[PDB]
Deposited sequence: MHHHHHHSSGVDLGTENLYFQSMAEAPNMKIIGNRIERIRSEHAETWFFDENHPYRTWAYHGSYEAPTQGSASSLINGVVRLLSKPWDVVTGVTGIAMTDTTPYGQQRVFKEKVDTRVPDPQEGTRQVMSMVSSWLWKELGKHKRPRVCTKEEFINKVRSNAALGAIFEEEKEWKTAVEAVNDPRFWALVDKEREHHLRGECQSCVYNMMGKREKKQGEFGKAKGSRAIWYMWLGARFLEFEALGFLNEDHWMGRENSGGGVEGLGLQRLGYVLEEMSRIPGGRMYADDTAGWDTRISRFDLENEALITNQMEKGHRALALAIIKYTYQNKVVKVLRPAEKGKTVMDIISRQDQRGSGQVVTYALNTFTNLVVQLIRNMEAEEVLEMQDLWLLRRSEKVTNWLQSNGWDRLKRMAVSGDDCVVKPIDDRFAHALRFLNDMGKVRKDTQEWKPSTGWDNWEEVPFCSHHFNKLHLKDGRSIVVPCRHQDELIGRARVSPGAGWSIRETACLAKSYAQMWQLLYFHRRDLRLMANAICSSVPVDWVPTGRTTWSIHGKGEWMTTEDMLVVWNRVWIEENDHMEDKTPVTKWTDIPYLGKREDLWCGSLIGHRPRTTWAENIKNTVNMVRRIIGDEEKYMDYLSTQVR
């Protein structure tokens, strides 16, 4: 650990718990530096009432310990990549940052920009912004007192709103100005909704070349190296001095010299640990930086596949001109052959040599999940089967014959998520408004699933028509929230799928839900439908009674609409 960079944060924590602070010689940390310890101090009823057949489906109820996740997934170390591999990573990262910045200029994001985003509160308190100003002052002198994570076990690293603001101030431009949008990056998909991603995969399927590859990197955030963090930091070279000072401090304390608080006769202690590599999951620009580095990784894999990089280049890259020529000649074409959303990627290489191009990938520590380290990847011939962003995408037809490309995933995950309510002491109003959000999201994106179109209509029939949807149905950047409204969902469906859909040539509106298709029965069943299963048949036959019961609970004096008739 670099005690000159992390010492101030450790001292501040120690000062706040001086009388319980202690050093535990039997701590379980192996790859994280350990500094000390101190003594530390759900269910959506509306959806559950309307989804009885899923009470006994473990794929649903399972959706609703920290030390265990830490020991197995976060407390690991990987060897450094070889010198040649590191030179290739830096060259490709430098080239990519220059391409992304050709038509965009970095900028500082404002307090008002952050305030407008949070209203979707400590922000309306002048004392919170005073804390923010004090920490900024330390950063401008080369010090950090409070940019510390609280690790909560997949591992999510939390940070106080003030540190997130300082990160947004210095690097939020990557998000706000869409540096990873498809127009700017070629291979990125930032800003596209799930309603558009299938069309991107279908466009890629038509580019001549090999199969479509969609390999996952096992524990992506844990495999981000100190070299990846240095290459991501090259964006500071495009910033003016003042902005650069703010960004260099975020990179130094939040990204590269991290300090984390983790919990461990029924008593609990908090441990203070540190690590220089890995991605601190949950940062304001975690998604943009993951997309950046995954684009760099896939460009390198394509160079190895195309024999631009040879096995002698792992040890030392003697001559760099071949890599520069490949990036200038082919880089943009290869970026357009990718769809990269953070750690998720689909690549359409120029041939199938990509399947066995694993030397640089493995030397970089970007090991594929569920495949033997040196077994060639298996590509897909059918774009409709390619996994991307936890979905697959299928082409269906409206009653009038027009095709549409819709997102799909196994239905248990969707119902399981809708049955979860984050927050205790929640009234039936907050609960019903979050249920309405899920149901309207299903009407917009998963209308082609028989069980979800019915369940959504039952939920919408059970919640007062004037109640505004609230809460978050997903954390995915591809969930644009068009369903968070009291506007008629058939009107919103038309806006999303017809009017604003550049892949729908004929703009004729759709005037009835019966013109909007379902998947074929076989596909609906493959993806988890309970159509034809007796408990589901009973639930559908009894659905009007179940809706009347929910309306009685919420209040028969409210105004309801029958979306089931």
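K.L.:
Can you list the gaps, numbered from 1 on the deposited sequence, where no C-alpha is modelled?
P.N.:
Several stretches lack coordinates - namely 1 to 26, 68 to 74, 98 to 104, 161 to 178, 212 to 226, 338 to 340, 642 to 645, in sequence order.
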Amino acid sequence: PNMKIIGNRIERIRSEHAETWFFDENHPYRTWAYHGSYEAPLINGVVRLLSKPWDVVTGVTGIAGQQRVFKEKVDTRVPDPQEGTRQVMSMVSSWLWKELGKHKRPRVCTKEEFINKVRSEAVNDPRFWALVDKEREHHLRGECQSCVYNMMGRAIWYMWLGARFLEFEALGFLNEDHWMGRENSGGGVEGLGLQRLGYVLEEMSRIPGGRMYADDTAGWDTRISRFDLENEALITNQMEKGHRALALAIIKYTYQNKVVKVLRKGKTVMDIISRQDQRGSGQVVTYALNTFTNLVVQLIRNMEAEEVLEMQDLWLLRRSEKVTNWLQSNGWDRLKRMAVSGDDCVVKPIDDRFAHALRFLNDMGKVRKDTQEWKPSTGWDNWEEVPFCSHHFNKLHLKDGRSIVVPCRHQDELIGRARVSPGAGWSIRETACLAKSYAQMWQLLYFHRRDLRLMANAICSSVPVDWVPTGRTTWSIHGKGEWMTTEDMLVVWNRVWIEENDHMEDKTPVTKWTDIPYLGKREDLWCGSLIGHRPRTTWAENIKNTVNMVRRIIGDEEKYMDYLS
From here on, numbers count along this sequence of modelled residues.
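Heads up, when I say rigid core I mean the largest set of C-alphas that superpose within 1.5 Å between the two forms.
K.L.:
Name the stretch that deviates more in 4 other deposited structures of this protein: 70 to 78, or 270 to 278? Use RMS CA distance to the shown form, core superposed.
P.N.:
It is 70 to 78 that deviates more in 4 other deposited structures of this protein.
K.L.:
Is it the case that at least a third of the other compared entries omit residue 121, given both of its neighbours are modelled there?
P.N.:
Missing in at least a third of the others, so yes.
K.L.:
Higher average CA B factor in the deposited record is what I'm after, so tell me if that's 11 to 19 or 540 to 548.
P.N.:
Per the deposited B-factors, the answer is 11 to 19.
K.L.:
Going by the mean C-alpha B-factor recorded in the entry, which is higher: 469 to 477 or 358 to 366?
P.N.:
Higher mean C-alpha B-factor: 469 to 477.
K.L.:
Based on what the PDB entry reports, which of 501, 508, 26, 511 has the top C-alpha B-factor?
P.N.:
Highest C-alpha B-factor among the listed options: 26.
K.L.:
Quick one: which of 530, 63, 496, 50 shows the highest Cα temperature factor in the PDB entry?
P.N.:
Reading the PDB entry, the winner on C-alpha B-factor is 63.
K.L.:
Going by the recorded CA B-factors, say which third of the chain residue 451 sits in, lowest, middle or highest.
P.N.:
Answer is lowest: the recorded C-alpha B-factor places it there.
K.L.:
Within this chain, which third does the Cα B-factor at residue 38 fall in: lowest, middle or highest?
P.N.:
Highest third of the chain for residue 38's C-alpha B-factor.
K.L.:
Lowest, middle or highest third: where is residue 322 by Cα B-factor in its chain?
P.N.:
Middle third, going by the recorded CA B-factors of the chain.
K.L.:
Lowest, middle or highest third: where is residue 46 by Cα B-factor in its chain?
P.N.:
Middle third, going by the recorded CA B-factors of the chain.
K.L.:
Going by the CA temperature factor in the PDB record, which third of the chain does residue 106 belong to: lowest, middle or highest?
P.N.:
Middle third of the chain for residue 106's C-alpha B-factor.
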